[PDB]
Amino acid sequence: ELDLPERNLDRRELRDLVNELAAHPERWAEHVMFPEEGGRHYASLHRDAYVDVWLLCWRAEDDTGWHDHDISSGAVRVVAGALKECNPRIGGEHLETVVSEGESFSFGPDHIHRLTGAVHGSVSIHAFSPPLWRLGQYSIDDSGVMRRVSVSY
Amino acid sequence: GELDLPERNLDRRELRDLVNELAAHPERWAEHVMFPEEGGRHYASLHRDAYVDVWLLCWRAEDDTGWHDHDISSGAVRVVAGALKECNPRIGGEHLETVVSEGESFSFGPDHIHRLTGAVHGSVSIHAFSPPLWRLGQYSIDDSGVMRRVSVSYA
Ligand SMILES: [Mg+2]
Ligand SMILES: [Mn+2]
Ligand SMILES: [Mn+2]
(Lines give C-alpha, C1' and ligand atoms only; values in the text may rest on other atoms or scores of the structure.)
(Ligands and ions follow the chains in the order given, each with its own letter.)
Protein backbone atom coordinates (compact mmCIF):
# COMPACT_ATOMS: atom_id res chain seq x y z
CA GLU A 1 0.00 0.00 0.00
CA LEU A 2 1.33 3.42 -1.05
CA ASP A 3 0.33 7.02 -0.35
CA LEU A 4 -1.81 7.71 -3.41
CA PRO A 5 -5.04 9.68 -3.77
CA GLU A 6 -8.38 7.92 -3.36
CA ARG A 7 -9.15 8.02 -7.07
CA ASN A 8 -7.96 6.88 -10.46
CA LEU A 9 -4.56 8.27 -11.47
CA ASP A 10 -3.75 10.17 -14.64
CA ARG A 11 -0.79 9.13 -16.77
CA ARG A 12 1.52 11.67 -15.11
CA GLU A 13 0.83 10.19 -11.67
CA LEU A 14 1.25 6.67 -13.07
CA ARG A 15 4.70 7.54 -14.43
CA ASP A 16 5.82 8.98 -11.10
CA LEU A 17 4.49 5.80 -9.51
CA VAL A 18 6.48 3.34 -11.62
CA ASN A 19 9.65 5.39 -11.07
CA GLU A 20 9.15 5.79 -7.31
CA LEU A 21 8.71 2.01 -7.20
CA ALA A 22 11.79 1.35 -9.33
CA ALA A 23 13.67 3.39 -6.70
CA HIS A 24 12.56 0.97 -3.94
CA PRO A 25 13.96 -2.45 -4.95
CA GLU A 26 13.09 -3.68 -1.46
CA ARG A 27 9.51 -4.19 -2.69
CA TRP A 28 10.13 -5.83 -6.09
CA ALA A 29 13.60 -7.42 -6.00
CA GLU A 30 12.29 -10.74 -4.66
CA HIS A 31 9.69 -11.09 -7.45
CA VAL A 32 12.20 -11.13 -10.32
CA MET A 33 11.97 -14.39 -12.27
CA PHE A 34 12.63 -15.41 -15.89
CA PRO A 35 10.65 -18.63 -16.47
CA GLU A 36 12.76 -20.87 -18.68
CA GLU A 37 9.63 -21.40 -20.75
CA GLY A 38 6.30 -20.71 -19.11
CA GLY A 39 4.40 -17.49 -19.71
CA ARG A 40 5.73 -13.96 -19.43
CA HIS A 41 6.36 -13.59 -15.71
CA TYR A 42 3.81 -11.33 -13.99
CA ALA A 43 4.22 -10.23 -10.38
CA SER A 44 1.65 -8.10 -8.57
CA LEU A 45 3.39 -5.29 -6.68
CA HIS A 46 0.22 -3.44 -5.66
CA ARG A 47 -3.46 -3.87 -6.52
CA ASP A 48 -6.37 -1.85 -5.15
CA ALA A 49 -9.59 -0.30 -6.43
CA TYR A 50 -7.68 2.43 -8.31
CA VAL A 51 -4.33 1.04 -9.51
CA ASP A 52 -2.75 -2.20 -10.68
CA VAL A 53 1.06 -2.33 -10.62
CA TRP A 54 2.97 -5.25 -12.12
CA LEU A 55 6.60 -6.33 -12.39
CA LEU A 56 7.32 -7.93 -15.77
CA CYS A 57 10.39 -10.03 -16.58
CA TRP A 58 11.05 -10.48 -20.28
CA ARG A 59 12.61 -13.16 -22.43
CA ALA A 60 13.50 -12.57 -26.07
CA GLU A 61 10.42 -14.71 -26.87
CA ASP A 62 7.84 -12.39 -25.28
CA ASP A 63 5.41 -10.21 -27.22
CA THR A 64 2.20 -8.63 -25.97
CA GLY A 65 0.68 -8.22 -29.41
CA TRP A 66 -1.23 -5.18 -30.58
CA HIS A 67 -3.70 -4.17 -27.89
CA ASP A 68 -5.35 -1.40 -25.89
CA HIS A 69 -6.36 -1.10 -22.24
CA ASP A 70 -10.00 -0.08 -22.78
CA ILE A 71 -10.45 2.67 -20.18
CA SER A 72 -7.15 2.32 -18.30
CA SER A 73 -4.30 4.82 -18.47
CA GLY A 74 -0.83 3.33 -18.13
CA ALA A 75 2.85 3.92 -17.43
CA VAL A 76 5.99 1.83 -17.90
CA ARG A 77 9.45 2.05 -16.35
CA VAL A 78 12.26 -0.13 -17.69
CA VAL A 79 14.36 -1.16 -14.69
CA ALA A 80 16.92 -3.25 -16.59
CA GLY A 81 17.42 -4.07 -20.24
CA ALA A 82 15.31 -2.49 -22.97
CA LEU A 83 11.86 -2.84 -24.52
CA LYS A 84 10.41 -2.01 -27.94
CA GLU A 85 7.26 0.13 -27.78
CA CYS A 86 5.44 0.11 -31.13
CA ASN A 87 2.41 2.24 -31.94
CA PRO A 88 0.15 1.30 -34.87
CA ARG A 89 0.23 3.33 -38.08
CA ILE A 90 -2.36 2.89 -40.83
CA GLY A 91 -0.20 2.16 -43.85
CA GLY A 92 2.04 -0.39 -42.15
CA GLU A 93 4.88 1.98 -41.20
CA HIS A 94 4.46 1.19 -37.52
CA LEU A 95 6.24 3.67 -35.27
CA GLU A 96 8.80 1.81 -33.15
CA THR A 97 10.70 3.14 -30.14
CA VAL A 98 13.37 1.52 -27.99
CA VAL A 99 12.87 2.25 -24.28
CA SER A 100 16.12 1.65 -22.39
CA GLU A 101 16.89 0.96 -18.74
CA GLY A 102 16.15 3.99 -16.58
CA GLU A 103 13.57 5.33 -19.06
CA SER A 104 9.81 5.51 -18.60
CA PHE A 105 6.73 6.61 -20.53
CA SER A 106 3.01 6.95 -19.89
CA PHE A 107 -0.18 7.21 -21.93
CA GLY A 108 -3.88 7.90 -21.67
CA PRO A 109 -6.73 5.42 -21.94
CA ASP A 110 -6.95 5.62 -25.76
CA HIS A 111 -3.49 4.12 -26.33
CA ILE A 112 -2.85 1.27 -28.77
CA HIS A 113 0.61 -0.27 -28.59
CA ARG A 114 2.68 -3.45 -28.67
CA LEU A 115 5.58 -4.33 -26.36
CA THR A 116 8.20 -6.70 -27.76
CA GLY A 117 11.86 -6.82 -28.79
CA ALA A 118 12.90 -7.35 -25.18
CA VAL A 119 16.59 -8.08 -24.73
CA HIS A 120 17.08 -11.09 -22.47
CA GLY A 121 16.95 -10.30 -18.78
CA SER A 122 14.78 -7.20 -19.13
CA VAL A 123 12.77 -6.01 -16.12
CA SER A 124 9.99 -3.42 -16.15
CA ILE A 125 7.33 -2.00 -13.84
CA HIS A 126 3.88 -1.37 -15.32
CA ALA A 127 1.03 0.52 -13.65
CA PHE A 128 -2.58 0.85 -14.82
CA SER A 129 -5.36 3.13 -13.58
CA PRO A 130 -8.22 2.36 -13.42
CA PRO A 131 -7.34 -1.29 -12.77
CA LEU A 132 -6.79 -3.45 -15.83
CA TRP A 133 -9.88 -5.64 -16.12
CA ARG A 134 -10.58 -5.97 -19.87
CA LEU A 135 -8.22 -5.50 -22.81
CA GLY A 136 -8.70 -5.19 -26.55
CA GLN A 137 -6.50 -7.58 -28.52
CA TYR A 138 -6.22 -6.68 -32.19
CA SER A 139 -5.66 -9.13 -35.03
CA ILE A 140 -5.31 -8.84 -38.80
CA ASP A 141 -6.55 -11.71 -40.93
CA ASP A 142 -4.69 -12.91 -44.01
CA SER A 143 -6.97 -10.73 -46.11
CA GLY A 144 -6.09 -7.54 -44.21
CA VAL A 145 -9.22 -6.61 -42.23
CA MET A 146 -8.56 -5.77 -38.59
CA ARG A 147 -10.44 -7.13 -35.57
CA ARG A 148 -10.57 -6.21 -31.88
CA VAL A 149 -11.35 -8.98 -29.39
CA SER A 150 -12.34 -7.90 -25.88
CA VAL A 151 -10.58 -10.27 -23.48
CA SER A 152 -10.27 -10.91 -19.75
CA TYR A 153 -7.03 -10.20 -17.87
CA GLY B 1 -41.21 1.75 -26.45
CA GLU B 2 -40.56 -1.95 -25.91
CA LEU B 3 -40.68 -5.08 -28.06
CA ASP B 4 -41.56 -8.55 -26.77
CA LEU B 5 -38.19 -10.30 -27.04
CA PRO B 6 -36.61 -13.31 -25.30
CA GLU B 7 -35.05 -12.75 -21.88
CA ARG B 8 -31.56 -13.67 -23.11
CA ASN B 9 -28.85 -12.47 -25.46
CA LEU B 10 -29.37 -12.97 -29.19
CA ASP B 11 -26.64 -14.25 -31.50
CA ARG B 12 -25.79 -12.82 -34.92
CA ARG B 13 -28.35 -14.86 -36.86
CA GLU B 14 -31.09 -13.92 -34.39
CA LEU B 15 -30.14 -10.24 -34.52
CA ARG B 16 -30.38 -10.34 -38.31
CA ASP B 17 -33.75 -12.11 -38.13
CA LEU B 18 -34.89 -9.38 -35.73
CA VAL B 19 -33.96 -6.36 -37.85
CA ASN B 20 -35.45 -7.98 -40.95
CA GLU B 21 -38.75 -8.83 -39.26
CA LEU B 22 -39.04 -5.36 -37.72
CA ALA B 23 -38.68 -3.89 -41.21
CA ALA B 24 -41.77 -5.89 -42.22
CA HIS B 25 -43.73 -4.35 -39.31
CA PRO B 26 -43.67 -0.58 -39.89
CA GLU B 27 -46.11 -0.19 -37.00
CA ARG B 28 -43.08 -0.57 -34.71
CA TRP B 29 -40.96 2.24 -36.19
CA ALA B 30 -42.71 4.33 -38.88
CA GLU B 31 -43.62 7.02 -36.35
CA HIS B 32 -39.98 7.60 -35.33
CA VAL B 33 -38.74 8.51 -38.82
CA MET B 34 -37.07 11.92 -38.84
CA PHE B 35 -34.29 13.56 -40.95
CA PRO B 36 -32.59 16.50 -39.06
CA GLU B 37 -32.52 19.87 -40.89
CA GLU B 38 -29.32 20.16 -38.77
CA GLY B 39 -28.09 18.57 -35.48
CA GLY B 40 -26.28 15.19 -35.97
CA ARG B 41 -27.55 11.81 -37.31
CA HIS B 42 -31.06 10.91 -36.01
CA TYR B 43 -31.31 7.79 -33.80
CA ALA B 44 -34.61 6.62 -32.27
CA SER B 45 -34.74 3.86 -29.68
CA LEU B 46 -37.16 1.02 -30.38
CA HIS B 47 -36.08 -1.26 -27.51
CA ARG B 48 -33.49 -1.22 -24.72
CA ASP B 49 -33.20 -3.91 -22.05
CA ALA B 50 -30.51 -6.01 -20.39
CA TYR B 51 -30.13 -8.22 -23.48
CA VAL B 52 -30.90 -6.25 -26.66
CA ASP B 53 -30.74 -2.68 -27.97
CA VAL B 54 -32.69 -1.73 -31.10
CA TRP B 55 -32.41 1.60 -32.92
CA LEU B 56 -33.92 3.17 -36.02
CA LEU B 57 -31.41 5.41 -37.82
CA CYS B 58 -32.38 8.05 -40.40
CA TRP B 59 -29.54 9.17 -42.64
CA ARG B 60 -28.69 12.29 -44.57
CA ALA B 61 -26.03 12.12 -47.26
CA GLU B 62 -23.46 13.71 -44.93
CA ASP B 63 -23.91 11.32 -42.01
CA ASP B 64 -20.97 9.22 -40.86
CA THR B 65 -20.48 6.99 -37.83
CA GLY B 66 -16.69 7.05 -38.02
CA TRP B 67 -14.53 3.99 -37.50
CA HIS B 68 -15.71 2.12 -34.41
CA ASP B 69 -16.23 -1.21 -32.69
CA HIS B 70 -18.96 -2.33 -30.28
CA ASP B 71 -16.83 -3.78 -27.46
CA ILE B 72 -18.63 -7.05 -26.61
CA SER B 73 -21.84 -6.52 -28.62
CA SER B 74 -22.77 -8.51 -31.70
CA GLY B 75 -24.95 -6.64 -34.16
CA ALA B 76 -27.07 -6.50 -37.31
CA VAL B 77 -28.32 -3.90 -39.81
CA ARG B 78 -31.25 -3.90 -42.21
CA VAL B 79 -31.53 -1.02 -44.68
CA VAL B 80 -35.23 -0.24 -44.98
CA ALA B 81 -34.90 2.62 -47.47
CA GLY B 82 -32.08 4.10 -49.51
CA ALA B 83 -28.57 2.76 -49.11
CA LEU B 84 -25.58 2.79 -46.78
CA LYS B 85 -21.86 2.20 -47.34
CA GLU B 86 -20.27 -0.35 -44.98
CA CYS B 87 -16.49 0.13 -44.79
CA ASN B 88 -14.12 -2.23 -43.02
CA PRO B 89 -10.60 -1.05 -42.17
CA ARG B 90 -7.45 -2.39 -43.86
CA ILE B 91 -3.92 -1.65 -42.65
CA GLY B 92 -2.55 -0.10 -45.83
CA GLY B 93 -5.39 2.35 -46.45
CA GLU B 94 -7.30 0.21 -48.97
CA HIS B 95 -10.44 0.05 -46.85
CA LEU B 96 -13.04 -2.50 -47.97
CA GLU B 97 -16.29 -0.74 -48.92
CA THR B 98 -19.68 -2.33 -49.54
CA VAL B 99 -22.97 -0.68 -50.50
CA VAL B 100 -25.89 -2.11 -48.53
CA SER B 101 -29.08 -1.29 -50.43
CA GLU B 102 -32.74 -1.25 -49.42
CA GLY B 103 -33.93 -4.72 -48.46
CA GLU B 104 -30.42 -5.92 -47.60
CA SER B 105 -29.06 -6.81 -44.18
CA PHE B 106 -25.86 -8.01 -42.53
CA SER B 107 -24.67 -9.20 -39.11
CA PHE B 108 -21.34 -9.14 -37.28
CA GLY B 109 -19.72 -10.43 -34.12
CA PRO B 110 -18.16 -8.53 -31.22
CA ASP B 111 -14.75 -8.26 -32.91
CA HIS B 112 -16.05 -6.16 -35.82
CA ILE B 113 -14.58 -2.76 -36.72
CA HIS B 114 -16.49 -0.76 -39.32
CA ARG B 115 -17.74 2.62 -40.49
CA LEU B 116 -21.23 3.31 -41.88
CA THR B 117 -21.76 6.30 -44.17
CA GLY B 118 -25.24 7.26 -45.35
CA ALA B 119 -25.12 6.95 -49.13
CA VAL B 120 -28.41 8.66 -50.04
CA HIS B 121 -30.55 11.25 -48.29
CA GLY B 122 -33.72 9.72 -46.92
CA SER B 123 -32.08 6.40 -46.04
CA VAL B 124 -33.57 4.48 -43.11
CA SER B 125 -32.12 1.46 -41.32
CA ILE B 126 -32.77 -0.69 -38.26
CA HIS B 127 -29.88 -1.64 -35.96
CA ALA B 128 -29.85 -4.28 -33.23
CA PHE B 129 -27.17 -5.15 -30.68
CA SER B 130 -26.79 -8.07 -28.27
CA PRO B 131 -25.54 -7.81 -25.56
CA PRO B 132 -26.66 -4.18 -25.30
CA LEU B 133 -24.53 -1.45 -26.86
CA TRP B 134 -23.48 0.29 -23.65
CA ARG B 135 -19.82 0.75 -24.67
CA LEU B 136 -18.40 1.84 -28.03
CA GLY B 137 -14.81 2.21 -29.18
CA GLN B 138 -14.23 5.21 -31.45
CA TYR B 139 -10.99 5.12 -33.44
CA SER B 140 -9.05 8.20 -34.47
CA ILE B 141 -5.98 8.80 -36.63
CA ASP B 142 -3.54 11.62 -36.01
CA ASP B 143 -1.74 13.08 -39.01
CA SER B 144 1.34 11.25 -37.73
CA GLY B 145 -0.63 8.13 -38.64
CA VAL B 146 -0.84 6.90 -35.05
CA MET B 147 -4.24 5.36 -34.29
CA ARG B 148 -6.03 5.57 -30.94
CA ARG B 149 -9.26 4.08 -29.58
CA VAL B 150 -11.43 6.22 -27.30
CA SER B 151 -13.82 4.10 -25.24
CA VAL B 152 -17.25 5.72 -24.90
CA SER B 153 -20.32 5.00 -22.79
CA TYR B 154 -23.51 4.78 -24.88
CA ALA B 155 -25.70 3.40 -22.07
MG1 LIG C 1 -5.17 1.26 -1.62
MN1 LIG D 1 -0.14 -2.56 -22.77
MN1 LIG E 1 -21.58 0.07 -35.72
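Rules and cut-offs
Residues numbered from 1 in each chain as written, not as in the entry; some residues may be left out. Chains lettered and ligands numbered in written order. Heavy atoms only, no water. Helix = DSSP H or I, 4+ residues; strand = E, 2+ residues; numbered from the N terminus. Buried < 20%, exposed > 50% of the residue type's maximum accessible area, 1.4 Å probe, protein only. Polar contact = N/O pair within 3.5 Å; in protein donor to acceptor, adjacent residues only side chain to side chain. Contact = heavy atoms within 4.5 Å. Donors = N, O, S within 2.8 Å, 3.2 Å for Na, K, Ca; no water.

The next point concerns the side chain of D68 of chain A. Relative to the assigned elements, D68 of chain A resides in strand β3 (residues 67-68). For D68 of chain A, a relative accessible area of 0% gives the class buried. For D68 of chain A, the side chain forms a polar contact with the main-chain nitrogen of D70 of chain A, separated by 2.8 Å. At 2.8 Å, the side chain of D68 of chain A forms a polar contact with the side chain of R148 of chain A. Once you skip the residues sitting within four places of it in the chain, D68 of chain A turns out to touch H111, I112, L135, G136, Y138 and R148 of chain A together with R149 of chain B.

All names here are of chain A. The coordination sphere of the magnesium ion (ligand 1), as far as protein atoms go, consists of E1 (OE), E1 (OE) and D48 (OD), spread over 2.2 to 2.8 Å. Linking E1 in the segment before α1 (11-22) with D48 in the loop between β1 (41-47) and β2 (52-58), this pair joins segments that are 47 residues apart in sequence. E1 sits in the exposed class, given a relative accessible area of 72%. Residue classification places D48 among the partly exposed residues on the basis of a relative accessible area of 23%.

Take unusual backbone geometry next. If a residue is not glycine, its phi is most likely negative; likewise, a peptide bond is most likely trans. Of the consecutive residues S129 of chain A and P130 of chain A, the connecting peptide bond is found in the cis state with omega at -5°. Here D70 of chain A, not a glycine, exhibits a phi torsion of approximately 55°, which is positive. Examined against the element boundaries, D70 of chain A turns out to sit in the loop between β3 and β4 (73-80). Of note in the backbone geometry, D71 of chain B takes a positive phi value of approximately 55° without being a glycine. Using a relative accessible area of 10% as the deciding quantity, one classes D71 of chain B as buried.

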